[PDB]
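Before we start, here is the structure in question, set down as structure tokens.
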DNA sequence: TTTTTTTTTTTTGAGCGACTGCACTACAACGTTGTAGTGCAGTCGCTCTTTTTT
């Protein structure tokens, strides 16, 4: 669905397919590149007419669509009408992930029937195929969809010893289960800091300074920008709104004022391109190699103030700040715009004002955004109300698939 | 509704003001304002203008009207002018005066014009437009366009030979003949052969002296294309194209 | 007047012919060779601004709209579909003139497209 | 006492010709509008005439 | 000579059209190369069209 | 320069290549010979067409006099038996329908030989004629100078 | 209240009037046959001015 997820899919399948032993004819059939759903169907800026709309289907044998949670209903219907009568489609994504961008929920309403299980004949088929004991699902409502689904529960990067997976399992349960998960011993992974008044805001800014300590240490020591980006990609703040005291531009302006107060970052008031500002792009640009949601660090290597970006290929690219089409300060990212990325130490900041954005799926995506360490800055009543209030979307798929 | 006005709207408003009964006294105010009128270029006169000038300065004493014009130059009928208004004015007035002397051209060209236009009677086919033989100037009687051979005559009618010809072929052949004459006048003019002689004084013919008189844009482009083929640059004075269309 | 003049834009560039050249590239080349040299070799595409909105309703049909109407009418008459349904579809969008003149235009375009379809589907 | 002179009058003339074609050629039936279309294609030809 | 003049006439008719039909020479891709159609480039275009466009009219029926 | 843009100007040598080309007025919009008012005849009456063509010919004669009276030293004319009619060889030419042929042929229809005899009849020291020669030897010489 | 992305053009003159060829009947010379005038049909040239006012 997005170009950044396409780049991550390309680098992941590139580093994955070279490991497995292949042949000279098998290396020729390696998938070349991953395309956007607007680029695969041939979407135009002016008109909504596709190149493979209804008449000529895409000449494909197998189509692997990654991250189907960000696929809305109209994009799914436009993808369906483009497929021929012989192509095999494999959808990827998480069931409990965040909902789609526009109106609709395709992957959630599809994978809601994955909890029922397989069929009685399909269980014996999978036991004959895999050679192991595959459990069977009780009852039969839609055998095709329940057979086509699968559920992944065994996570390899984190187990029951880590509190991140236990918090993600307790998010789908009641809020008291999440309070118990955070409460006892914290699993040495999740910390809870109460944010009510201005002194808690100063303590949160001090803990963000302690989180961005290695980044500022590598920035002030005038080191290589690759280690600077690698230290910046370890700690990240996640906010809900955009403006106000609780948002993107509010936390960004407060962090800039705090770096102006304490001797951490020297900033000229009229230059707007001081050394050490983090920027992010808002529009895609395939000519420069940067996608939407990519971070860059502006610094002086000796030839002038240039912004270094970390490419997924392992290299670093130094671009002129005049060559950037869009640039916004990214000291704190939104949870919707931080999807696809991964951070080692995440810190969620929730606003005190009651908002329909903070719900169960938002906290689940904030929990799964962290690799190892996660911090929280919210009230107890907001965290109790966000878990119970699930973002349900009323759709006719529950009745159409049942008959 | 918008309160705007136009160029002919001023004439229409003045004709409607003089059309009323009180506006005649306003015309007397004009007789109080200027008790004389000298109207130049009377061939380019709308009927509203002549109706106004007849409303003001028809037969009142102490006021004079002097219509200085030329019926042989009324070429703006596409714009709104009309020679029948001039014929009505000539039928209305009583006295006529004419200028005999011509101070511009050589006497050879003057004699050619007085010979071509006085072949038959009433060459302009109207009774109220008479042609008179003009007289050349005494100071310009020594103007001679001389070639390498001898003195070139004034008018040279290049008769294209043939029984019947089309439009594009005739235009192309006459454009090629004109370009050949231009390059012959410019090639011999830079060596001191073709000259313009006033008495004993001589001047070589440059590219700015020869001018091609056309009527339409297509034949002007034809002349320019037939002249730029022989390495002769030419300008178009009637070019009204916008700079924003390049 | 001591400056160098404008040199020619045409210069011999190094180019190696690849192994797999698709048919679409040859079609885009032989549709317009100078345009394929400009917009594909040096990637220079002269992007002109879009046309402004006209001030009045279309009384006549000429240009791209007439060509698209004729193309859709020829694709409809090649399957012997109802021409009146496509007439109502084009009248509901306001692309046709109002009243009888749109009917006359649709009748003459249907006559021309039927005369073309009588030759097209004769050997299909 | 004060008025605004306009240089181009073709726009208001074309607008009045379009208004005349709207108030005259729209309510005609088919048997008259066929002859009107045979005489002129639109108001532009009438204005050019 | 008559065919050599009619081919030049057809080339000047198709390159620069009339005042009602847009000619082939009125294009943003051809005005960048040359501003005025020189006879040398005209003969080059003629030679390239004789080299390439000949099987168009050779196998036409 | 066009004939309307040459009114009141001055030129040493003037070439008129297309002074014999004429155009016939089709619409019937004339002026009455008694009331001197603009009469527009919506019906295709031949009298209105003739009365409009007479005014068109008078306008062409006035344009001819304007274009002729702008030369100072030398003027050159392009004469040809131009036929506006679609017939190629009909035995008569339409030069009498133009402004120049009305003075050359004295307002009478003639042939190409009649036009040539009418041209050769008015031969003086100032008025001469020559045939149109198609031929080119060399374009020009630049003769540039240093700055 | 939040958020996704996209680079491909295309079309366009038609009625007026002649040139040329084929077909069909009228009429006179040698029932039949050759020449002339007229009608129908396909093809092609052509052509659509000028300008300035506070």
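Please specify each residue of the range C:36-66 satisfying the condition of being within 14 Å of chain D (Cβ to nearest Cβ), near DNA strand G (Cβ under 10 Å from one of its atoms) and surrounded by 12 or more Cβ atoms within 10 Å (Cβ to Cβ).
The answer is C:66, and nothing else.
Continuing with this model, one more query. Any idea which of B:13, B:1 is within 14 Å of chain D (Cβ to nearest Cβ), surrounded by fewer than 17 Cβ atoms within 10 Å (Cβ to Cβ) and in a loop (DSSP other than H, G, I, E, B)?
On the way: B:13 fails: in a loop (DSSP other than H, G, I, E, B).
Only one candidate passes the filter, namely B:1.
Go through the range F:100-117 residue by residue and tally those that are within 10 Å of chain B (Cβ to nearest Cβ) and under 30 Å from residue B:151 (Cα atoms).
Residues that pass the stated criteria total 10.
Of everything in the range B:77-89 that's crowded, with 16+ Cβ neighbours inside 10 Å and in contact (Cβ under 8 Å) with a residue 12 or more places away in the chain, which residue is farthest from residue B:11 (Cα to Cα)?
Taking the candidates together, the pick is B:87.
Among the residues of the range F:48-98, how many are more than 13 Å from DNA strand G (Cβ to nearest atom), assigned to a helix (DSSP H, G or I) and at the interface with chain B (Cβ under 7 Å from one of its Cβ atoms)?
So the count comes out to 3.
State all residues of the range A:39-73 that are farther than 24 Å from residue A:105 by Cα, within 10 Å of DNA strand G (Cβ to nearest atom) and more than 13 Å from chain C (Cβ to nearest Cβ); if no residue qualifies, say none.
A:44 - this is the single residue of the range A:39-73 that is farther than 24 Å from residue A:105 by Cα, within 10 Å of DNA strand G (Cβ to nearest atom) and more than 13 Å from chain C (Cβ to nearest Cβ).
So, in the range F:115-128, exactly how many residues are within 23 Å of residue B:189 (Cα to Cα) and in contact (Cβ under 8 Å) with a residue 24 or more places away in the chain?
The total comes to 0.
Exactly one condition in (1) more than 9 Å from chain B (Cβ to nearest Cβ); (2) surrounded by 12 or more Cβ atoms within 10 Å (Cβ to Cβ) is not met by residue F:21; state its number.
Of (1) more than 9 Å from chain B (Cβ to nearest Cβ); (2) surrounded by 12 or more Cβ atoms within 10 Å (Cβ to Cβ), only one is false for residue F:21: (1).
Please report, ordered by residue number, the helices (runs of 4 or more DSSP H) entirely within the range C:1-77 with at least 2 residues that are closer than 30 Å to residue C:96 by Cα. Let's see the steps before the verdict.
Values: elements: C:23-31, C:33-36, C:64-77.
By residue number, C:64-77.
Inside the range B:32-47, can you point out the residues that are more than 11 Å from residue B:82 (Cα to Cα) and in contact (Cβ under 8 Å) with a residue 24 or more places away in the chain? If you could, list the steps in order and put the result at the bottom.
From the range B:32-47, those more than 11 Å from residue B:82 (Cα to Cα) are B:32-41; that's our starting set.
Those that are more than 11 Å from residue B:82 (Cα to Cα) and in contact (Cβ under 8 Å) with a residue 24 or more places away in the chain: B:35, B:36, B:37, B:38, B:39, B:40, B:41.
While we're looking at this one, here's another question. Give me the pairs, please: first residue somewhere in the range F:1-22 and part of a strand (DSSP E or B), second residue anywhere and within 9 Å of DNA strand G (Cβ to nearest atom), beta-carbon distance under 6 Å, and either six or more positions apart or on two chains.
If the second residue must be within 9 Å of DNA strand G (Cβ to nearest atom), the pairs left are F:2/B:238.
Restricting attention to the range A:290-316, report how many residues are loosely packed, with under 15 Cβ neighbours inside 10 Å and in a loop (DSSP other than H, G, I, E, B).
Within the range A:290-316, residues that are loosely packed, with under 15 Cβ neighbours inside 10 Å and in a loop (DSSP other than H, G, I, E, B) number 8.
Are any of the residues in the range F:25-39 assigned to a loop (DSSP other than H, G, I, E, B), more than 9 Å from chain B (Cβ to nearest Cβ), touching a residue at least 60 places away in the same chain (Cβ under 8 Å) and within 13 Å of DNA strand G (Cβ to nearest atom)? Even if it seems obvious, please write down each step before you answer.
Our first condition is that a residue be assigned to a loop (DSSP other than H, G, I, E, B); within the range F:25-39, this holds for F:25-28, F:32-37.
Going one step further and asking which of them are more than 9 Å from chain B (Cβ to nearest Cβ), we end up with F:25-28, F:34-35.
Applying the additional criterion that residues be touching a residue at least 60 places away in the same chain (Cβ under 8 Å) yields none.
No, the range F:25-39 has no match at all.
Answer yes if at least one residue in the range A:365-376 is within 15 Å of DNA strand G (Cβ to nearest atom), assigned to a loop (DSSP other than H, G, I, E, B), in contact with a strand residue (DSSP E or B) (Cβ under 8 Å, 6 or more places away or on another chain) and more than 30 Å from residue A:106 (Cβ to Cβ), and no otherwise. It would help to see each step written out before you state the result.
So the first thing to find is which residues in the range A:365-376 are within 15 Å of DNA strand G (Cβ to nearest atom), and the list is A:365-366, A:369.
If we keep only those that are assigned to a loop (DSSP other than H, G, I, E, B) as well, we get A:369.
Remaining after also requiring in contact with a strand residue (DSSP E or B) (Cβ under 8 Å, 6 or more places away or on another chain): A:369.
Filter once more, keeping what is more than 30 Å from residue A:106 (Cβ to Cβ): none.
For the range A:365-376, residues within 15 Å of DNA strand G (Cβ to nearest atom), assigned to a loop (DSSP other than H, G, I, E, B), in contact with a strand residue (DSSP E or B) (Cβ under 8 Å, 6 or more places away or on another chain) and more than 30 Å from residue A:106 (Cβ to Cβ): absent.
Go over the candidates A:107, A:79 one by one and state the one that is closer than 21 Å to residue A:335 by Cβ and surrounded by 17 or more Cβ atoms within 10 Å (Cβ to Cβ). Even if it seems obvious, please write down each step before you answer.
Working: A:79 fails: closer than 21 Å to residue A:335 by Cβ.
Unique residue meeting the criteria: A:107.
Got a number for residues in the range A:317-335 being surrounded by fewer than 16 Cβ atoms within 10 Å (Cβ to Cβ) and within 15 Å of DNA strand G (Cβ to nearest atom)?
Residues that pass the stated criteria total 3.
Right, something else. Among the residues of the range A:13-28, is any surrounded by 15 or more Cβ atoms within 10 Å (Cβ to Cβ) and either within 12 Å of DNA strand G (Cβ to nearest atom) or within 14 Å of chain C (Cβ to nearest Cβ) (or both)?
For the range A:13-28, residues surrounded by 15 or more Cβ atoms within 10 Å (Cβ to Cβ) and either within 12 Å of DNA strand G (Cβ to nearest atom) or within 14 Å of chain C (Cβ to nearest Cβ) (or both): absent.
Among the strands (runs of 3 or more DSSP E) contained in the range B:129-246, which hold 1 or more residues that are under 30 Å from residue F:116 (Cβ atoms)?
In the range B:129-246, the matching strands (runs of 3 or more DSSP E) lie at B:143-146, B:155-159, B:210-212.
Moving to a separate point now. Please verify whether the range D:8-26 includes one or more residues that are within 16 Å of DNA strand G (Cβ to nearest atom) and assigned to a loop (DSSP other than H, G, I, E, B).
Yes, the range D:8-26 contains a residue that is within 16 Å of DNA strand G (Cβ to nearest atom) and assigned to a loop (DSSP other than H, G, I, E, B).
Determine which member of the set C:69, C:104 is within 14 Å of chain D (Cβ to nearest Cβ) and within 16 Å of DNA strand G (Cβ to nearest atom). Let's see the steps before the verdict.
On the way: C:69 fails: within 14 Å of chain D (Cβ to nearest Cβ).
Just a single option satisfies the conditions, and that option is C:104.
Here is a further query. Yes or no: residue B:203 without any contact (Cβ under 8 Å) to a residue 24 or more places away in the chain, more than 8 Å from chain F (Cβ to nearest Cβ) and within 19 Å of residue F:1 (Cβ to Cβ)?
On the way: without any contact (Cβ under 8 Å) to a residue 24 or more places away in the chain: yes; more than 8 Å from chain F (Cβ to nearest Cβ): yes; within 19 Å of residue F:1 (Cβ to Cβ): no.
For residue B:203, the condition - without any contact (Cβ under 8 Å) to a residue 24 or more places away in the chain, more than 8 Å from chain F (Cβ to nearest Cβ) and within 19 Å of residue F:1 (Cβ to Cβ) - is not met.
For the range A:337-356, enumerate the residues that are crowded, with 20+ Cβ neighbours inside 10 Å and part of a strand (DSSP E or B).
A:343, A:346, A:347, A:348, A:349
Looking at C:76, C:5, C:83 in this structure, which one is over 30 Å from residue D:24 (Cα atoms), away from DNA strand G (no atom under 16 Å from the Cβ), surrounded by 13 or more Cβ atoms within 10 Å (Cβ to Cβ) and more than 14 Å from chain D (Cβ to nearest Cβ)? Outline the logic, then answer.
On the way: C:5 fails: surrounded by 13 or more Cβ atoms within 10 Å (Cβ to Cβ); C:83 fails: over 30 Å from residue D:24 (Cα atoms).
One residue alone meets the criteria, C:76.
Name the single residue, out of those in the range E:13-40 being out of contact with any helix residue (DSSP H, G or I) (no Cβ under 8 Å at 6 or more places or on another chain), free of Cβ contacts under 8 Å to residues at least 12 places away in the same chain and not in a loop (DSSP other than H, G, I, E, B), that is nearest to residue B:221 (Cα to Cα).
Step by step, filter the range E:13-40, then rank; the result is E:13.
What are the pairs, 6+ residues apart or on separate chains, where a residue within the range A:64-76 that is more than 17 Å from residue A:336 (Cα to Cα) has its Cβ under 7 Å from a residue that is near DNA strand G (Cβ under 10 Å from one of its atoms)?
From the range A:64-76, the pairs are A:66/A:5; A:73/A:103; A:74/A:102; A:75/A:37.
Whether any residue in the range A:273-283 is within 16 Å of DNA strand G (Cβ to nearest atom), surrounded by fewer than 17 Cβ atoms within 10 Å (Cβ to Cβ) and within 18 Å of the chain's Cα centre (by Cα) is what I want to check. So that I can check it myself, show each step before the final result.
Filtering the range A:273-283 down to residues within 16 Å of DNA strand G (Cβ to nearest atom) leaves A:278-283.
Next, from what is left, pick out any that are surrounded by fewer than 17 Cβ atoms within 10 Å (Cβ to Cβ): A:282-283.
The next check asks that each one be within 18 Å of the chain's Cα centre (by Cα); those that pass are A:282-283.
The answer is yes, given that some residue of the range A:273-283 is within 16 Å of DNA strand G (Cβ to nearest atom), surrounded by fewer than 17 Cβ atoms within 10 Å (Cβ to Cβ) and within 18 Å of the chain's Cα centre (by Cα).
Next up: Answer yes or no as to whether residue B:62 is farther than 23 Å from residue F:64 by Cα, in a loop (DSSP other than H, G, I, E, B), out of contact with any strand residue (DSSP E or B) (no Cβ under 6 Å at 6 or more places or on another chain) and within 16 Å of DNA strand G (Cβ to nearest atom).
Numbers: farther than 23 Å from residue F:64 by Cα: yes; in a loop (DSSP other than H, G, I, E, B): yes; out of contact with any strand residue (DSSP E or B) (no Cβ under 6 Å at 6 or more places or on another chain): yes; within 16 Å of DNA strand G (Cβ to nearest atom): no.
No, not satisfied.
Could I ask something else about it? Of the conditions (1) more than 15 Å from the chain's Cα centre (by Cα); (2) surrounded by 11 or more Cβ atoms within 10 Å (Cβ to Cβ); (3) more than 13 Å from chain C (Cβ to nearest Cβ), residue D:9 fails just one. Which one is it?
Among (1) more than 15 Å from the chain's Cα centre (by Cα); (2) surrounded by 11 or more Cβ atoms within 10 Å (Cβ to Cβ); (3) more than 13 Å from chain C (Cβ to nearest Cβ), the lone unmet condition for residue D:9 is (1).
Tell me which of these residue A:74 doesn't satisfy, since it passes every other one: (1) within 18 Å of residue A:36 (Cα to Cα); (2) not in a helix (DSSP H, G or I).
Going through the list (1) within 18 Å of residue A:36 (Cα to Cα); (2) not in a helix (DSSP H, G or I), residue A:74 breaks only (2).
Values quoted throughout were computed directly from the atomic coordinates according to the rules given, and no laboratory measurement underlies them. Note that each Cβ is placed from the backbone with ideal geometry, even for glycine, and that neighbours are counted across all protein chains shown.
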